[PDB]
$ cat structure05.txt   # compact mmCIF, N, CA and C atoms
# COMPACT_ATOMS: atom_id res chain seq x y z
N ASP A 1 98.70 119.23 94.29
CA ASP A 1 100.07 118.79 94.08
C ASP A 1 100.95 119.11 95.29
N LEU A 2 101.16 118.12 96.12
CA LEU A 2 102.03 118.21 97.27
C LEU A 2 102.98 117.03 97.29
N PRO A 3 104.29 117.30 97.32
CA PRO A 3 105.34 116.28 97.27
C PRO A 3 105.69 115.72 98.66
N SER A 4 104.70 115.59 99.48
CA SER A 4 104.86 115.11 100.81
C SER A 4 103.75 114.12 101.09
N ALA A 5 104.08 113.03 101.74
CA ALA A 5 103.11 111.99 102.05
C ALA A 5 102.18 112.44 103.14
N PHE A 6 102.73 113.23 104.08
CA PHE A 6 101.99 113.74 105.22
C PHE A 6 100.68 114.42 104.81
N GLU A 7 100.77 115.49 104.05
CA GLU A 7 99.63 116.21 103.62
C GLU A 7 98.67 115.35 102.84
N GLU A 8 99.19 114.57 101.91
CA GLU A 8 98.36 113.72 101.07
C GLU A 8 97.50 112.76 101.90
N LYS A 9 98.13 112.02 102.81
CA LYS A 9 97.38 111.08 103.64
C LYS A 9 96.48 111.79 104.63
N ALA A 10 96.92 112.91 105.15
CA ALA A 10 96.13 113.62 106.11
C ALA A 10 94.89 114.21 105.47
N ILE A 11 95.05 114.87 104.32
CA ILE A 11 93.91 115.43 103.58
C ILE A 11 92.94 114.30 103.23
N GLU A 12 93.51 113.20 102.76
CA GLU A 12 92.78 111.97 102.42
C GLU A 12 91.96 111.48 103.62
N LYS A 13 92.59 111.38 104.76
CA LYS A 13 91.95 110.84 105.93
C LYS A 13 90.98 111.77 106.56
N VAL A 14 91.23 113.05 106.50
CA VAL A 14 90.27 114.00 106.99
C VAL A 14 89.04 113.97 106.09
N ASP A 15 89.28 113.82 104.80
CA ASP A 15 88.21 113.71 103.81
C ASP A 15 87.37 112.44 104.10
N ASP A 16 88.07 111.34 104.42
CA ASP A 16 87.42 110.08 104.85
C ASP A 16 86.59 110.29 106.11
N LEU A 17 87.16 110.99 107.07
CA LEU A 17 86.49 111.27 108.34
C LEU A 17 85.29 112.17 108.14
N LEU A 18 85.40 113.11 107.23
CA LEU A 18 84.30 114.00 106.91
C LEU A 18 83.13 113.24 106.34
N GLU A 19 83.37 112.36 105.37
CA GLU A 19 82.27 111.57 104.83
C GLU A 19 81.73 110.61 105.90
N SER A 20 82.61 110.10 106.75
CA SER A 20 82.22 109.18 107.81
C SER A 20 81.36 109.89 108.88
N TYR A 21 81.83 111.01 109.39
CA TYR A 21 81.14 111.72 110.44
C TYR A 21 80.03 112.61 109.93
N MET A 22 80.37 113.53 109.07
CA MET A 22 79.40 114.53 108.63
C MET A 22 78.56 114.04 107.48
N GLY A 23 79.11 113.15 106.70
CA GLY A 23 78.39 112.61 105.57
C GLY A 23 78.54 113.50 104.36
N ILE A 24 79.54 114.35 104.39
CA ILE A 24 79.82 115.30 103.34
C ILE A 24 81.30 115.41 103.24
N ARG A 25 81.81 116.01 102.22
CA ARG A 25 83.24 116.09 102.11
C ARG A 25 83.62 117.39 101.47
N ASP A 26 84.79 117.83 101.77
CA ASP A 26 85.34 119.02 101.20
C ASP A 26 86.80 118.90 101.43
N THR A 27 87.45 118.34 100.46
CA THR A 27 88.82 118.02 100.50
C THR A 27 89.71 119.29 100.65
N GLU A 28 89.16 120.43 100.26
CA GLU A 28 89.83 121.71 100.41
C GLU A 28 89.78 122.12 101.88
N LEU A 29 88.60 122.02 102.47
CA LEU A 29 88.38 122.29 103.89
C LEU A 29 89.25 121.34 104.71
N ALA A 30 89.31 120.10 104.25
CA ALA A 30 90.15 119.09 104.85
C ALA A 30 91.60 119.56 104.85
N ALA A 31 92.06 120.03 103.69
CA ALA A 31 93.42 120.55 103.53
C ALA A 31 93.67 121.73 104.46
N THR A 32 92.66 122.55 104.66
CA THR A 32 92.74 123.69 105.55
C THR A 32 93.04 123.22 106.99
N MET A 33 92.25 122.28 107.49
CA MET A 33 92.46 121.81 108.86
C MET A 33 93.74 120.97 108.97
N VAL A 34 94.17 120.38 107.85
CA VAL A 34 95.43 119.66 107.81
C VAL A 34 96.59 120.63 107.94
N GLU A 35 96.50 121.74 107.22
CA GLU A 35 97.52 122.79 107.26
C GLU A 35 97.61 123.34 108.70
N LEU A 36 96.45 123.45 109.35
CA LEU A 36 96.37 123.87 110.74
C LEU A 36 97.01 122.82 111.68
N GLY A 37 96.67 121.56 111.49
CA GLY A 37 97.20 120.48 112.33
C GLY A 37 98.66 120.16 112.03
N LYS A 38 99.13 120.66 110.91
CA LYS A 38 100.52 120.57 110.53
C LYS A 38 101.32 121.47 111.45
N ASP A 39 100.71 122.57 111.81
CA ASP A 39 101.32 123.55 112.68
C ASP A 39 101.10 123.15 114.12
N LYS A 40 99.90 122.71 114.41
CA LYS A 40 99.51 122.33 115.75
C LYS A 40 100.08 121.00 116.19
N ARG A 41 100.78 121.04 117.28
CA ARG A 41 101.33 119.86 117.90
C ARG A 41 100.47 119.48 119.10
N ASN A 42 99.45 120.26 119.34
CA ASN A 42 98.55 120.02 120.44
C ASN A 42 97.12 119.79 119.96
N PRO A 43 96.51 118.64 120.34
CA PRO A 43 95.12 118.31 119.96
C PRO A 43 94.15 119.37 120.46
N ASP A 44 94.44 119.87 121.64
CA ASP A 44 93.67 120.92 122.30
C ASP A 44 93.61 122.13 121.40
N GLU A 45 94.77 122.54 120.93
CA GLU A 45 94.88 123.68 120.06
C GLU A 45 94.25 123.43 118.71
N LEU A 46 94.27 122.17 118.27
CA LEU A 46 93.64 121.82 117.02
C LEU A 46 92.14 122.05 117.16
N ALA A 47 91.59 121.61 118.28
CA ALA A 47 90.18 121.80 118.58
C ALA A 47 89.83 123.28 118.58
N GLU A 48 90.63 124.07 119.31
CA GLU A 48 90.44 125.52 119.38
C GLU A 48 90.49 126.15 118.00
N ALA A 49 91.47 125.75 117.20
CA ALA A 49 91.66 126.27 115.84
C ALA A 49 90.42 126.02 114.99
N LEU A 50 89.92 124.81 115.08
CA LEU A 50 88.72 124.42 114.37
C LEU A 50 87.53 125.21 114.83
N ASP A 51 87.40 125.35 116.13
CA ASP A 51 86.29 126.12 116.72
C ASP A 51 86.35 127.59 116.35
N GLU A 52 87.54 128.12 116.36
CA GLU A 52 87.76 129.52 116.13
C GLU A 52 87.56 129.87 114.65
N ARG A 53 88.18 129.12 113.77
CA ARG A 53 88.15 129.47 112.35
C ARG A 53 87.00 128.80 111.62
N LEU A 54 86.75 127.57 111.93
CA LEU A 54 85.77 126.79 111.20
C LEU A 54 84.60 126.45 112.09
N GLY A 55 84.33 127.33 113.05
CA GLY A 55 83.25 127.14 114.03
C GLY A 55 81.87 127.10 113.38
N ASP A 56 81.84 127.41 112.09
CA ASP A 56 80.65 127.33 111.26
C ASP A 56 80.19 125.88 111.12
N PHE A 57 81.13 124.95 111.28
CA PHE A 57 80.84 123.53 111.28
C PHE A 57 80.78 123.03 112.71
N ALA A 58 80.11 121.94 112.93
CA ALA A 58 80.05 121.35 114.25
C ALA A 58 80.95 120.13 114.27
N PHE A 59 82.08 120.26 114.91
CA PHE A 59 83.04 119.19 114.95
C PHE A 59 82.91 118.43 116.25
N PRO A 60 82.54 117.15 116.20
CA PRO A 60 82.55 116.32 117.37
C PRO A 60 83.99 116.05 117.79
N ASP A 61 84.21 115.89 119.08
CA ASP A 61 85.53 115.63 119.65
C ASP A 61 86.16 114.45 118.97
N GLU A 62 85.35 113.42 118.76
CA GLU A 62 85.73 112.20 118.05
C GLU A 62 86.42 112.55 116.74
N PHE A 63 85.73 113.35 115.93
CA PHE A 63 86.24 113.80 114.63
C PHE A 63 87.56 114.54 114.81
N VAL A 64 87.60 115.49 115.74
CA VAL A 64 88.82 116.28 115.99
C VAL A 64 89.98 115.35 116.38
N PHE A 65 89.69 114.41 117.25
CA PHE A 65 90.68 113.44 117.70
C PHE A 65 91.12 112.50 116.60
N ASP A 66 90.24 112.19 115.68
CA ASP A 66 90.61 111.33 114.59
C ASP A 66 91.41 112.09 113.58
N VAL A 67 91.02 113.33 113.35
CA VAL A 67 91.76 114.22 112.47
C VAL A 67 93.17 114.40 113.03
N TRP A 68 93.24 114.68 114.33
CA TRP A 68 94.51 114.78 115.04
C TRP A 68 95.31 113.49 114.86
N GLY A 69 94.63 112.37 115.07
CA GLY A 69 95.24 111.07 114.92
C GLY A 69 95.81 110.85 113.54
N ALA A 70 95.01 111.09 112.51
CA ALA A 70 95.41 110.90 111.11
C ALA A 70 96.59 111.80 110.74
N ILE A 71 96.49 113.07 111.11
CA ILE A 71 97.55 114.03 110.88
C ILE A 71 98.81 113.57 111.62
N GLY A 72 98.62 113.19 112.87
CA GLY A 72 99.67 112.67 113.71
C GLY A 72 100.34 111.46 113.10
N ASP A 73 99.53 110.53 112.59
CA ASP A 73 100.04 109.32 111.93
C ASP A 73 100.90 109.70 110.77
N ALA A 74 100.40 110.57 109.95
CA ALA A 74 101.08 110.94 108.74
C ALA A 74 102.36 111.74 109.03
N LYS A 75 102.31 112.57 110.06
CA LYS A 75 103.46 113.39 110.42
C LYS A 75 104.53 112.61 111.19
N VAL A 76 104.20 111.40 111.61
CA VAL A 76 105.21 110.54 112.22
C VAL A 76 105.61 109.45 111.21
N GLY A 77 104.77 109.25 110.21
CA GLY A 77 105.04 108.30 109.16
C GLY A 77 104.42 106.95 109.41
N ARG A 78 103.40 106.95 110.22
CA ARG A 78 102.69 105.75 110.57
C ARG A 78 101.70 105.41 109.47
N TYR A 79 102.13 104.55 108.60
CA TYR A 79 101.31 104.08 107.51
C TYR A 79 101.29 102.59 107.59
$ encode --input "structure05.txt" --output "structure tokens"
Amino acid sequence: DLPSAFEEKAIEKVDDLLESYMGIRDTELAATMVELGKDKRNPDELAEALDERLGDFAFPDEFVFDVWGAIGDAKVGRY
């Protein structure tokens, strides 16, 4: 339950990207990296954040950039 379109679409899209790239999904994990990218205004830092905290997963740059993109879209209101 989040009363913001940003988080909803971003979690949604990260979840989409997860099934697309990894072939698995974890909408909670998605929310985690969304919460991180909500704070992060830098793709570079998003990558670092993912590597540092969620380095247990292997994130391709493509995925990170798409996650950044989706979060970015939602945080600018690009729907």
$ atom_distance --input "structure05.txt" --atom1 "atom C of residue A:66" --atom2 "atom CA of residue A:4"
18.8 Å
$ atom_distance --input "structure05.txt" --atom1 "atom C of residue A:61" --atom2 "atom C of residue A:1"
28.3 Å
$ closest_residue --input "structure05.txt" --among "A:56, A:19, A:79, A:74" --to "residue A:5" --atoms "all atoms listed in the file"
A:74
$ residues_near_point --input "structure05.txt" --point "(100.4, 115.9, 118.0)" --cutoff "9 Å" --atoms "only C-alpha atoms" --output "JSON list (two decimals) with N, CA and C atoms, in the frame of the given file"
[["chain", "number", "residue", "atom", "x", "y", "z"],
["A", 37, "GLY", "N", 96.67, 121.56, 111.49],
["A", 37, "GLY", "CA", 97.20, 120.48, 112.33],
["A", 37, "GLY", "C", 98.66, 120.16, 112.03],
["A", 38, "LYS", "N", 99.13, 120.66, 110.91],
["A", 38, "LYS", "CA", 100.52, 120.57, 110.53],
["A", 38, "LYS", "C", 101.32, 121.47, 111.45],
["A", 40, "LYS", "N", 99.90, 122.71, 114.41],
["A", 40, "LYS", "CA", 99.51, 122.33, 115.75],
["A", 40, "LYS", "C", 100.08, 121.00, 116.19],
["A", 41, "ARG", "N", 100.78, 121.04, 117.28],
["A", 41, "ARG", "CA", 101.33, 119.86, 117.90],
["A", 41, "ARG", "C", 100.47, 119.48, 119.10],
["A", 42, "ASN", "N", 99.45, 120.26, 119.34],
["A", 42, "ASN", "CA", 98.55, 120.02, 120.44],
["A", 42, "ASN", "C", 97.12, 119.79, 119.96],
["A", 43, "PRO", "N", 96.51, 118.64, 120.34],
["A", 43, "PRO", "CA", 95.12, 118.31, 119.96],
["A", 43, "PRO", "C", 94.15, 119.37, 120.46],
["A", 68, "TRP", "N", 93.24, 114.68, 114.33],
["A", 68, "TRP", "CA", 94.51, 114.78, 115.04],
["A", 68, "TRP", "C", 95.31, 113.49, 114.86],
["A", 69, "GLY", "N", 94.63, 112.37, 115.07],
["A", 69, "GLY", "CA", 95.24, 111.07, 114.92],
["A", 69, "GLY", "C", 95.81, 110.85, 113.54],
["A", 71, "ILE", "N", 96.49, 113.07, 111.11],
["A", 71, "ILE", "CA", 97.55, 114.03, 110.88],
["A", 71, "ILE", "C", 98.81, 113.57, 111.62],
["A", 72, "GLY", "N", 98.62, 113.19, 112.87],
["A", 72, "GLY", "CA", 99.67, 112.67, 113.71],
["A", 72, "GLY", "C", 100.34, 111.46, 113.10],
["A", 73, "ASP", "N", 99.53, 110.53, 112.59],
["A", 73, "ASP", "CA", 100.04, 109.32, 111.93],
["A", 73, "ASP", "C", 100.90, 109.70, 110.77],
["A", 75, "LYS", "N", 102.31, 112.57, 110.06],
["A", 75, "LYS", "CA", 103.46, 113.39, 110.42],
["A", 75, "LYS", "C", 104.53, 112.61, 111.19]]
$ atom_distance --input "structure05.txt" --atom1 "atom CA of residue A:54" --atom2 "atom CA of residue A:23"
16.9 Å
$ residues_around --input "structure05.txt" --residues "stretch 27-34 of chain A" --least-positions-apart "5" --cutoff "6 Å" --atoms "all atoms listed in the file" --output "list in words"
residues 10, 11, 14, 15 and 39 of chain A
$ residues_around --input "structure05.txt" --residues "residue A:20" --least-positions-apart "4" --cutoff "12 Å" --atoms "only C-alpha atoms" --output "VMD selection string"
chain A and resid 13 to 16 24 to 25 60 62 to 63 66 to 67
$ select_by_dssp --input "structure05.txt" --residues "stretch 37-78 of chain A" --states "alpha helix (DSSP H)" --output "ChimeraX atom specification"
/A:37-39,43-53,61-76
$ closest_residue --input "structure05.txt" --among "A:35, A:21, A:57, A:47" --to "residue A:8" --atoms "only C-alpha atoms"
A:35
